[PDB]
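Residue numbers (the deposited numbering), protein chains in the order written: chain F, 1 to 119; chain V, 1 to 65; chain 2, 1 to 31, 35 to 49; chain M, 1 to 194; chain S, 1 to 81. The C-beta atom is built at its ideal place from N, Cα and C for all residues, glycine as well. Structure, as structure tokens:
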Amino acid sequence: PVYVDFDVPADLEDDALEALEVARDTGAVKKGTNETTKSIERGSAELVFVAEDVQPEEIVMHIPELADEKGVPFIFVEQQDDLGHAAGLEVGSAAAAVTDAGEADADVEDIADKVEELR
Amino acid sequence: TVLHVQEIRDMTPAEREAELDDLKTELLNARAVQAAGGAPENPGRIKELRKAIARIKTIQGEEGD
Amino acid sequence: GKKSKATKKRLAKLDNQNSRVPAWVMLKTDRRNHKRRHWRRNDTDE
Amino acid sequence: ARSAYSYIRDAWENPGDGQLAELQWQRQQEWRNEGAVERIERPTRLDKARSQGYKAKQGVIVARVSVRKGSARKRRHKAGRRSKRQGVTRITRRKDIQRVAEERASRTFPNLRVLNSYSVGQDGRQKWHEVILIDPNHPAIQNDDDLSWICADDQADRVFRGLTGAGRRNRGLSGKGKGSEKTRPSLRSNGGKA
Amino acid sequence: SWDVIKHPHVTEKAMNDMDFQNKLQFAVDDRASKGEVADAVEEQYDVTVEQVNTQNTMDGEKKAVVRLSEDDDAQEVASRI
RNA sequence: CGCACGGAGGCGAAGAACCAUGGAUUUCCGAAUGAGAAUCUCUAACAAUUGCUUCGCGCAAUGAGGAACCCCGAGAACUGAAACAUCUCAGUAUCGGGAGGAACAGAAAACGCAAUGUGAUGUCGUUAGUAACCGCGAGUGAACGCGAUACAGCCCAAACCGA
Ligand SMILES: [Cl-]
Ligand SMILES: [Cl-]
Ligand SMILES: [K+]
Ligand SMILES: [Mg+2]
Ligand SMILES: [Mg+2]
Ligand SMILES: [Mg+2]
Ligand SMILES: [Mg+2]
Ligand SMILES: [Mg+2]
Ligand SMILES: [Mg+2]
Ligand SMILES: [Mg+2]
Ligand SMILES: [Mg+2]
Ligand code: NA
Ligand code: NA
Ligand code: NA
Ligand code: NA
Ligand code: NA
Ligand code: NA
Ligand code: NA
Ligand code: NA
Ligand code: NA
Ligand code: NA
């Protein structure tokens with residue numbers, strides 16, 4: 001909430017999670033805040049996801065500004081376990097990063113373009 | 001003395017129970033005579049009555065009843 | 001005063017402890036009850 | 001590359017600046033309405049915890065503990081005293097607030113043992129710390145080559161005897177040379193002179 | 001485990017109740033109730049108990065005055081053991 | 001067949017007594033834990049606080065004792081100074097909390113005989129009543145090094161991996 005500065009419509013989120021699932025099967029994804037961080041830092045990240053129900057918030061605060069100084073696009077998600085289930089985990093994840101999509105490079109670009117418009 | 005360990009172990013899980021209530025009854029009737037200040041006492045016998053019951057109970061425990 | 005069941009068991013014991021050293025013990029030891040208590044002169048606990 | 005953890009750390013160098021500033025303002029409001037010892041599912045400062053020994057595992061516990069700010073809460077002398085010993089106001093205790101929080105936490109969890117602790121801030125009248133406790137009886141820990149040592153009998157009630165980290169420092173055992181003549185191997189053995 | 005009946009109380013007063021009132025006096029365990037005293041008496045002598053009266057004597061023990069029915073005879077029972 | 005040399009009687013060659021080890025039994029109150037109570041009572045119980053969890057007291061933990069020793073906190077005054085306030089008695093007496101068969105300490109952000117030198121920690125001897133403190137009064141008071149005892153060094157957080 002302190003790191004969140006815009007709300008993402010449930011319908012958009014649905015699109016985003018659908019694409020991430022096909023991204024784990026086709027392309028490659030990074031699960032976990034740490035791995036997501038080095039992705040932005042190394043550049044290999046194309047689209048990064050960040051959960052909204054994170055407590056403590058310190059685990060994620062850095063993502064928004066970091067992605068900004070690296071040109072990497074990012075999107076929010078309501079629940080932590082939905083992002084984890086989408087990434088293909090028995091547990092939830094505070095954040096996920098699509099390290100080079102696959103069979104979805106089109107959608108990823110759309111979502112990225114859609115968000116920029118959503119501010 | 002008049003009752004040996006071997007003889008107790010030779011008993012069945014039922015014989016010891018019968019022999020138990022038997023001894024207990026002899027004891028009670030001894031203490032009944034003693035209660036009335038009876039003279040046909042045999043101090044060594046009443047003593048042995050207590051130990052016998054202890055032995056049978058001790059064996060019962062070892063044997064699983 | 002009203003004595004309880006436990007209190008009663010204790011007075012009962014003290015009264016028994018008040019007996020004398022049996023005559024046969026004097027002989028077996030070839031020759035005193037230091038705990039002889041009196042209701043008036045002495046004072047039990049409680 | 002920097003670990004994600006290095007970011008939690010950096011924010012906490014300046015708890016008064018940035019987002020952390022706004023975060024703290026919000027949190028404390030709920031904290032002031034909580035108890036003295038509140039068990040919490042996740043550490044407020046991941047980097048510090050893990051650095052101290054923390055592990056996302058069965059038998060590893062955390063609890064926030066608030067203690068009042070300031071000097072000793074001493075009662076004035078009631079009998080004869082020479083001027084030197086008539087003080088009340090400027091007297092402070094020899095144990096530090098962090099070591100006090102560690103104790104109040106270990107008493108709340110009589111089966112657990114203190115591992116370490118850190119500070120999570122303070123307002124105008126109280127300080128909050130987060131203690132890390134460990135269940136010496138859980139087999140998940142008894143087979144951990146990193147935490148099994150805290151199962152030994154001689155580790156029983158370790159906090160109350162100053163064997164904790166904040167404990168050993170408060171006992172003036174940091175330095176190995178000059179200035180540590182009366183502190184090592186113990187305060188009591190050196191006639192209580194530090 | 002403790003046994004209910006310890007032994008028969010044989011005194012002159014105990015004989016009067018026997019000869020005159022068909023009562024047998026016993027020294028029993030102080031944890032035993034009137035009901036538990038009656039039962040034990042009937043099982044140890046094969047008689048019918050009508051009434052029981054108790055007293056916690058100054059001898060650390062419980063005294064029970066067990067009254068037999070007209071069907072049984074106190075004097076005949078006590079005289080056998 | 002206790003101390004305990006009586007009386008009566010009994011036990012032992014079916015090897016008792018006696019001793020060593022292991023076992024059976026082991027009332028009530030007691031940390032005392034189902035609830036109450038001057039060792040008893042009333043109608044099934046890990047009470048209370050915790051961990052795990054099949055979220056059910058299902059599996060566990062704590063509690064109290066011990067001759068002193070040990071560790072972490074609280075902390076006098078008589079007294080000395082020929083009065084007395086800082087100082088001294090003393091971090092002593094005593095108080096709160098806690099561990100063990102011993103505790104604590106411990107592998108350098110060290111030492112600083114300044115070196116081209118030493119190399120975790122205790123402890124003993126010495127250094128030395130030396131340096132340092134102090135109404136610079138009375139008093140207080142180390143360490144480095146050395147000779148010995150005994151010796152033993154290792155594990156994480158992170159980087160890079162990512163179930
Ligand atoms: Cl502890
Ligand atoms: Cl040297
Ligand atoms: K003084
Ligand atoms: Mg009399
Ligand atoms: Mg020592
Ligand atoms: Mg009555
Ligand atoms: Mg009770
Ligand atoms: Mg003087
Ligand atoms: Mg001094
Ligand atoms: Mg002077
Ligand atoms: Mg030095
Ligand atoms: Na009297
Ligand atoms: Na504890
Ligand atoms: Na000091
Ligand atoms: Na009697
Ligand atoms: Na025993
Ligand atoms: Na228990
Ligand atoms: Na339970
Ligand atoms: Na003087
Ligand atoms: Na004077
Ligand atoms: Na001075």
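Cross-strand partners of residue i (DSSP beta bridge)
i: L27 (chain V); result: The partner list for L27 (chain V) (beta bridge, DSSP) is empty, contrary to what the question assumes.
i: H129 (chain M); result: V65 (chain M), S119 (chain M)
i: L24 (chain S); result: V66 (chain S)
i: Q51 (chain S); result: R67 (chain S)
i: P8 (chain S); result: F26 (chain S)
i: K31 (chain F); result: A96 (chain F)
i: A51 (chain F); result: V77 (chain F)
i: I134 (chain M); result: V60 (chain M), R113 (chain M)
i: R39 (chain M); result: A63 (chain M)
i: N56 (chain S); result: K62 (chain S)
Supposed contact pair residue j and residue i - C-beta distance, whole angstroms, cut 8 Å
i: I75 (chain F); j: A95 (chain F); result: Actually they are not in contact, since the Cβ atoms of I75 (chain F) and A95 (chain F) sit about 11 Å apart, beyond 8 Å.
i: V54 (chain F); j: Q80 (chain F); result: 7 Å
i: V131 (chain M); j: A101 (chain M); result: 7 Å
i: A106 (chain F); j: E46 (chain F); result: The pair is not a contact, with the Cβ atoms about 12 Å apart (cut-off 8 Å).
i: residue 195 (chain M); j: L187 (chain M); result: An answer regarding residue 195 (chain M) cannot be provided, because it is not within the stretch 1 to 194 covered by chain M.
i: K30 (chain F); j: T99 (chain F); result: 5 Å
i: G121 (chain M); j: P15 (chain M); result: 6 Å
i: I134 (chain M); j: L112 (chain M); result: 6 Å
i: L68 (chain S); j: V52 (chain S); result: The Cβ separation is near 11 Å, so there is no contact.
i: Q19 (chain M); j: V2 (chain F); result: 5 Å
i: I141 (chain M); j: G59 (chain M); result: 4 Å
i: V60 (chain F); j: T33 (chain F); result: 6 Å
i: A32 (chain S); j: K62 (chain S); result: 7 Å
i: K127 (chain M); j: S51 (chain M); result: About 20 Å separates the two Cβ atoms, so there is no contact after all.
i: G84 (chain F); j: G92 (chain F); result: 4 Å
i: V159 (chain M); j: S106 (chain M); result: 5 Å
i: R31 (chain V); j: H7 (chain S); result: 5 Å
From the options, residue whose alpha carbon lies closest to that of residue i
i: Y118 (chain M); options: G16 (chain M), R188 (chain M), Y54 (chain M), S6 (chain M); result: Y54 (chain M)
i: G165 (chain M); options: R99 (chain M), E38 (chain M), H138 (chain M); result: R99 (chain M)
i: residue 122 (chain F); options: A10 (chain F), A16 (chain F), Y3 (chain F); result: What the structure shows of chain F is the stretch from 1 to 119, and residue 122 (chain F) is not part of that stretch, so it cannot be assessed.
i: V48 (chain F); options: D68 (chain F), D25 (chain F), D11 (chain F); result: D68 (chain F)
i: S3 (chain M); options: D47 (chain M), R158 (chain M), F160 (chain M); result: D47 (chain M)
i: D29 (chain S); options: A40 (chain S), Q21 (chain S), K23 (chain S); result: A40 (chain S)
i: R24 (chain F); options: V115 (chain F), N34 (chain F), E52 (chain F), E103 (chain F); result: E103 (chain F)
i: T57 (chain S); options: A27 (chain S), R80 (chain S), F20 (chain S); result: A27 (chain S)
i: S79 (chain S); options: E42 (chain S), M18 (chain S), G35 (chain S); result: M18 (chain S)
i: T1 (chain V); options: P40 (chain V), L23 (chain V), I59 (chain V), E48 (chain V); result: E48 (chain V)
i: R93 (chain M); options: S71 (chain M), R75 (chain M), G191 (chain M), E30 (chain M); result: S71 (chain M)
i: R73 (chain M); options: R81 (chain M), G87 (chain M), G80 (chain M); result: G87 (chain M)
i: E58 (chain F); options: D10 (chain M), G192 (chain M), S148 (chain M), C151 (chain M); result: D10 (chain M)
i: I150 (chain M); options: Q29 (chain M), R64 (chain M), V114 (chain M), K57 (chain M); result: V114 (chain M)
i: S6 (chain M); options: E116 (chain F), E41 (chain F), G88 (chain F), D82 (chain F); result: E41 (chain F)
i: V4 (chain S); options: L28 (chain V), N42 (chain V), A39 (chain V); result: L28 (chain V)
Distance cut-off 7 Å: residue i Cβ against heavy atoms of ligand 11
i: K178 (chain M); result: yes
Closer than 7 Å: residue i CB and nearest ligand 1 heavy atom
i: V65 (chain M); result: no
i: residue 199 (chain M); result: An answer regarding residue 199 (chain M) cannot be provided, because it is not within the stretch 1 to 194 covered by chain M.
i: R104 (chain M); result: no
i: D157 (chain M); result: yes
Distance cut-off 7 Å: residue i Cβ against heavy atoms of ligand 14
i: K193 (chain M); result: yes
Check: residue i C-beta below 7 Å from any heavy atom of ligand 15
i: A27 (chain S); result: yes
i: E61 (chain S); result: yes
Proximity test, residue i beta-carbon vs ligand 3 heavy atom, cut-off 7 Å
i: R81 (chain M); result: no
Closer than 7 Å: residue i CB and nearest ligand 13 heavy atom
i: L112 (chain M); result: yes
i: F49 (chain F); result: no
Please write down, chain order preserved, every residue whose beta carbon lies under 7 Å from a heavy atom of ligand 6. The answer, residue by residue, is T54 (chain S), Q55 (chain S).
Can you list every residue whose CB sits closer than 7 Å to some heavy atom of ligand 5, going in chain order? Summarising the contact set, residues whose Cβ lies nearer than 7 Å to any heavy atom of ligand 5 are, in chain order, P185 (chain M), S186 (chain M), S189 (chain M).
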